[PDB]
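All values below come from the heavy atoms of this structure, side chains included, with hydrogens, waters and symmetry mates left out. First the proteins, then the strands, lettered A, B, ... as listed; each starts at 1.
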Amino acid sequence: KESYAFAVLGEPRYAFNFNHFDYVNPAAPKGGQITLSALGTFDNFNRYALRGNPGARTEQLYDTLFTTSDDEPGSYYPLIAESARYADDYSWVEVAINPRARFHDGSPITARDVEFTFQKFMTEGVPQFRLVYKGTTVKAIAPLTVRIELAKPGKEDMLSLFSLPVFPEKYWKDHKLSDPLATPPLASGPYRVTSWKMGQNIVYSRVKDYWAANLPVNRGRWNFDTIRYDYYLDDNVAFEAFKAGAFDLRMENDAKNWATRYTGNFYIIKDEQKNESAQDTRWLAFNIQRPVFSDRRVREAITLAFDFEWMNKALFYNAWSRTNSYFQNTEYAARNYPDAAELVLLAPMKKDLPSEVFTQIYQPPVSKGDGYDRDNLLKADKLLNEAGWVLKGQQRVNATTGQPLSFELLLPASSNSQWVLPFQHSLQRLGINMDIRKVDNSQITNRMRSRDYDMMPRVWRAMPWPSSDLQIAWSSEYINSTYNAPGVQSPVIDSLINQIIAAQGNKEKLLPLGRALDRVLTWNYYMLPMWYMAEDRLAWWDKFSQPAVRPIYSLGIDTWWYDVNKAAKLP
Amino acid sequence: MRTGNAX
């Protein structure tokens, strides 16, 4: 009924004698600069607006009530809050605010700021917030006590409010949450924006009198005096600037770079680990609201034309693994046949499900790697004909109208897109025309949010358990959240996610629910699976030291520090 | 996803 730490599933790892995380050096020295790259551009400082392209790190301008550890899927520890009292079912919580908590101007962070902040999101925030927290109230019941009440049980929904940025009312009463900010807002975190050039760079400086520098959660972190982001229009120019020493650290997402271009003794450290944790996955989203992709058979046939084995062997040094789950590399992935609990959940909806949900394990198409896979292309032709798209001349045309089968692939100019022309060529050999349109970072963001595309690449970020966030990306009423990439409004999806959001905090029930959802999402071919790898490929100039232990769920760069003895050996 | 638009 009163705790200092929370976890959505199970018990917090740091529930007892919590002085600092396992993955930090508590004695880490302060000072020095780390310079990072970002791709594309930015035009404002408000991560929470309805429009705009927010600057790098602008989702970390503010401290929150509790903050998550990085070696656990979802555990929360004191930051602005000291502790909380709560009901058994987590449907109400009273949070005690640290009386030392301060904004950057030295003014106190109070319960009224938290109440103001919740109402600000409810009335001027992204439209999914007021949908998720409809019926929730957040009330300052004392100068430093805030009471949160949910209209229905939602342990995760409660805990996720602990991650809300806490806004200073004295600043935000004069700015709509929905408007971009040309200038950084009054904030509170361990780093403050101190200079910038719109579209080019942002410099963060360490707040040397940060009120919380010595909380267990912050010990050994936030060590650099400044963090600089420099923007680059494409990744190849960024990679060449890295090797020239223009910034300090690179996460290598390109197989060819890693295989062939980390050359020149090279002083730069190269590091390949391996994360056994939940994985980000790449997909190509079918906009199923447009006629070209409304037939599941057409989406299946176009998926068959994507020859991953050829690409992996001929282009990518066999580095990649095929995406095949929305819960990739977790126990929630549907990699076995449905068990009895799953069939109880799925059989009621048998007539609105592909039959393969019950009889097969989902397997993205496999080719020989030779190119020109006969079996897969013949099957795509067979499916296209059945859906009414037939060859006249070289071009596939609708059987009744004669309209060509054609669509636009929308692409960020900034990415390496070696796979694109091989895919275009495969589709052309089926009589399908795919136009390629590369656009700038602000165009990509705007059109991705509005779903103004036929197809575009989308990253499905790691999801270690079936979180209530699933409804924002998949459920019918959240269709305009900007996270529903295919545009799907399905009562099958809705029913399974309604069950998932009613099983928050309950692993026993989420286990068959997540697998069941995985089957529905994969077997309907809403998106075309690309690839991932369970390796972190990193390189950095040798000016840093690191704790002995790396956190499970991030790279832990915020635990690194500037090593004056290593830096001294560099030019 | 509840507090900001995709990037």
Side-chain angles (χ1 to χ4, degrees), chain A residues 31-42 53 55-58 60 191 195-205 223-275 280 282 315-317 319-320 411-419 438 440-441 444 457 459 531-533 535-546 550 554-571, chain B residues 7:
Chain A
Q33 175 160 331
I34 192 184
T35 298
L36 302 167
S37 76
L39 287 177
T41 194
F42 78 102
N53 200 324
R57 218 185 204 265
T58 58
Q60 283 172 264
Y191 287 93
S195 63
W196 66 93
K197 218 251 238 203
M198 273 302 181
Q200 299 293 327
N201 67 79
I202 306 166
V203 177
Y204 289 86
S205 306
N223 302 310
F224 300 106
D225 280 351
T226 128
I227 305 169
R228 180 179 179 121
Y229 295 89
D230 288 316
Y231 277 80
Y232 290 86
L233 282 178
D234 71 66
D235 188 48
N236 152 247
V237 172
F239 176 61
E240 288 171 15
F242 171 69
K243 295 203 289 184
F247 56 94
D248 301 319
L249 177 60
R250 175 156 172 101
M251 170 103 177
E252 187 55 77
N253 61 295
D254 182 76
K256 186 168 205 220
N257 286 352
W258 197 252
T260 65
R261 303 194 57 206
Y262 279 69
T263 58
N265 194 45
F266 194 52
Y267 183 67
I268 298 174
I269 289 184
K270 187 177 216 222
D271 177 76
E272 255 210 330
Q273 277 230 309
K274 239 91 171 298
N275 33 11
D280 292 352
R282 294 198 64 180
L315 301 176
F316 304 144
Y317 303 81
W320 295 106
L411 281 187
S414 72
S415 353
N416 308 285
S417 286
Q418 295 99 330
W419 57 269
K438 296 170 189 173
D440 57 70
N441 189 228
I444 272 293
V459 168
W531 46 80
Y532 72 96
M533 60 169 70
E535 269 98 319
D536 292 311
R537 292 164 164 198
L538 300 198
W540 57 95
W541 288 81
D542 189 25
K543 54 169 67 174
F544 309 113
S545 282
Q546 298 91 15
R550 180 183 291 196
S554 86
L555 306 159
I557 308 300
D558 69 30
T559 72
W560 292 18
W561 61 94
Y562 189 86
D563 187 314
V564 297
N565 295 298
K566 295 177 179 178
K569 301 183 107 206
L570 306 177

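- From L538(A), atom CG reaches atom CG of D271(A) across 5.5 Å, with rounding to the nearest 0.5 Å.
- Taking the side chain as every heavy atom from C-beta outward, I34(A) and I557(A) approach each other to under 4.5 Å.
- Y191(A) meets the ring pair (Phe, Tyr, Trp, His ring centres under 6.0 Å) test with no other residue; sequence neighbours excluded.
- Of all the heavy atoms in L411(A) and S417(A), the pair that sits closest is CD1-OG, 3.8 Å.
- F42(A) has its side chain out of reach of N441(A): every pair of non-hydrogen atoms, C-beta onward, lies at least 4.5 Å apart.
- In this structure, CG in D248(A) is found 9.0 Å from CH2 in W541(A), a value given to the nearest 0.5 Å.
- Looking at residues two or more places apart in sequence or on another chain, you find a side chain to side chain contact (heavy atoms under 4.5 Å, CB included) between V564(A) and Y562(A).
- In this structure, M198(A) CE and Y231(A) OH are separated by 10.0 Å, a value rounded to the nearest 0.5 Å.
- Looking at residues two or more places apart in sequence or on another chain, you find a side-chain hydrogen bond (donor to acceptor under 3.5 Å, both in side chains) between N275(A) and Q279(A), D536(A).
- Applying the salt bridge (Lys or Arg N to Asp or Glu O under 4.0 Å) test to every pair with at least one member in residues 555-567 of chain A, sequence neighbours left out, gives these pairs: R221(A)-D558(A).
- Considering only residues two or more places apart in sequence or on other chains, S415(A) meets the side-chain hydrogen bond (donor to acceptor under 3.5 Å, both in side chains) condition with none of them.
- Contacts of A319(A) classified as side chain to side chain contact (heavy atoms under 4.5 Å, CB included), with partners at least two apart in sequence or in another chain: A255(A), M533(A), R537(A).
- Taking every heavy atom of both residues into account, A238(A) and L39(A) meet most closely at CB-CD2, 4.2 Å.
- At least one side-chain heavy atom of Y204(A) sits under 4.5 Å from a side-chain heavy atom of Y229(A).
- Residues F316(A) and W531(A) place their aromatic rings such that the two centres sit under 6.0 Å apart.
- Under the salt bridge (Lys or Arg N to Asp or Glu O under 4.0 Å) criterion, the residue pairs touching residues 229-246 of chain A are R228(A)-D230(A), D235(A)-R250(A), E240(A)-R261(A), with sequence neighbours excluded.
- A search for ring pair (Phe, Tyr, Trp, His ring centres under 6.0 Å) contacts involving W560(A) returns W540(A), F544(A), not counting sequence neighbours.
- Atoms CH2 and CZ, on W561(A) and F224(A) in that order, are 9.5 Å from each other to the nearest 0.5 Å.
- Between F266(A) atom CZ and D542(A) atom CG the span is 12.0 Å, to the nearest 0.5 Å.
- Residues forming a side-chain hydrogen bond (donor to acceptor under 3.5 Å, both in side chains) with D280(A) (at least two apart in sequence, or on another chain): none.
- Remark: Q273(A) pairs with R550(A) by the side-chain hydrogen bond (donor to acceptor under 3.5 Å, both in side chains) rule, at least two apart or across chains.
- Looking at residues two or more places apart in sequence or on another chain, you find a side chain to side chain contact (heavy atoms under 4.5 Å, CB included) between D254(A) and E252(A), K256(A), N257(A), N416(A), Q418(A).
- When all heavy atoms of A246(A) and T35(A) are compared, the closest pair comes out as O-CG2, 3.9 Å.
- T41(A) approaches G199(A) most closely through the heavy-atom pair OG1-CA, 3.2 Å.
- The nearest pair of heavy atoms linking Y232(A) to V237(A) is CD2-CG1, 4.1 Å.
- Rounded to the nearest 0.5 angstrom, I227(A) CD1 and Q33(A) CD are separated by 9.5 Å.
- Counting non-hydrogen atoms of other residues, nucleotides and ligands closer than 6.0 Å to OH of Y267(A) gives a total of 12 or fewer.
- The side chain to side chain contact (heavy atoms under 4.5 Å, CB included) search around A539(A) returns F242(A), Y262(A), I268(A), not counting sequence neighbours.
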